[PDB]
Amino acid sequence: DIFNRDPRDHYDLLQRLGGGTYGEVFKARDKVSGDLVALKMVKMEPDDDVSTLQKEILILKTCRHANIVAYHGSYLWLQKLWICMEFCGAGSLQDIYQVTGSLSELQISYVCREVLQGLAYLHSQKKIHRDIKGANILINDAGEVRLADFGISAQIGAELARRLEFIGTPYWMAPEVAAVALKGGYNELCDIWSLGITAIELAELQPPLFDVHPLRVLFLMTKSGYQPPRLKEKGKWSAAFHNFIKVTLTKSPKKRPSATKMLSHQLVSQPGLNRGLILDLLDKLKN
């Protein structure tokens, strides 16, 4: 499961695709089959024992869903853990909308449906993603939608910096999560709020309040009079899209709908939602 060897023995490392608190991602080609894969390098911390690392790799191999990037295998080499995963050729939705411009209501509807399918699966496994945003939703050349990973819960490498990263960029987090280090916890419903913000992000090219200093956003969010965000242009988006934003951005998590409940919302249960919508979006990259 975790080969004690250099992944360069089996893979030809191509260009760097990007990275962050979750590691460094490289495009790579298998030397035998010729197939393209993604290789993520996670630097191991001084307290990352291999017994806990083994439990995590077991979770990475069993936590599987069509709307989550497939895990192929891993390598432990020179204090760096390398995870091999399916290659999503078009990159993230942020990589796409920062070329194409705003997604159509139908395109956002399909992405939100596919993400909710992945979130409903993660929540059935008692996992909370806690990292839903356009940059963490990848698209393959077939227009399929996949979450890059199952979220922040992987206890590998820079887990703490990844867990706390929202403090410097809290725009996608639910108010009960933005109430960091206060007595109230949170639950899986915070992912539903993050998906509502992601839908405004795909419509507007940035989440609400993106230009406000992160510490000011945290302050505003933990106020009793905080009004959840809304789409900026009412006379472009349908009543169904406005309502989907209204219910996903419910301030109280005790009133916010589950991922399974959201899958029957009129916006994401409408006919004609399929990968063809994203194939049309990818065609705009040529122009």
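Numbers follow the displayed sequence, beginning with 1.
Gaps at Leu182 occur in at least a third of the other compared entries of the protein that contain both adjacent residues. Per-stretch averaging of Cα B factors for 242-250 and 44-52 places 44-52 on top. Averaged over Cα atoms, the B-factor as recorded in the entry is higher for 74-82 than for the other of 74-82 and 206-214. Annotation for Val37, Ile68, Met262, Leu231: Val37 ranks highest, by Cα B-factor. The PDB entry assigns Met173 a C-alpha temperature factor belonging to the lowest third of its chain's modelled residues. In this PDB entry, the Cα temperature factor of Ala154 sits in the top third of its chain's modelled residues, the highest group.
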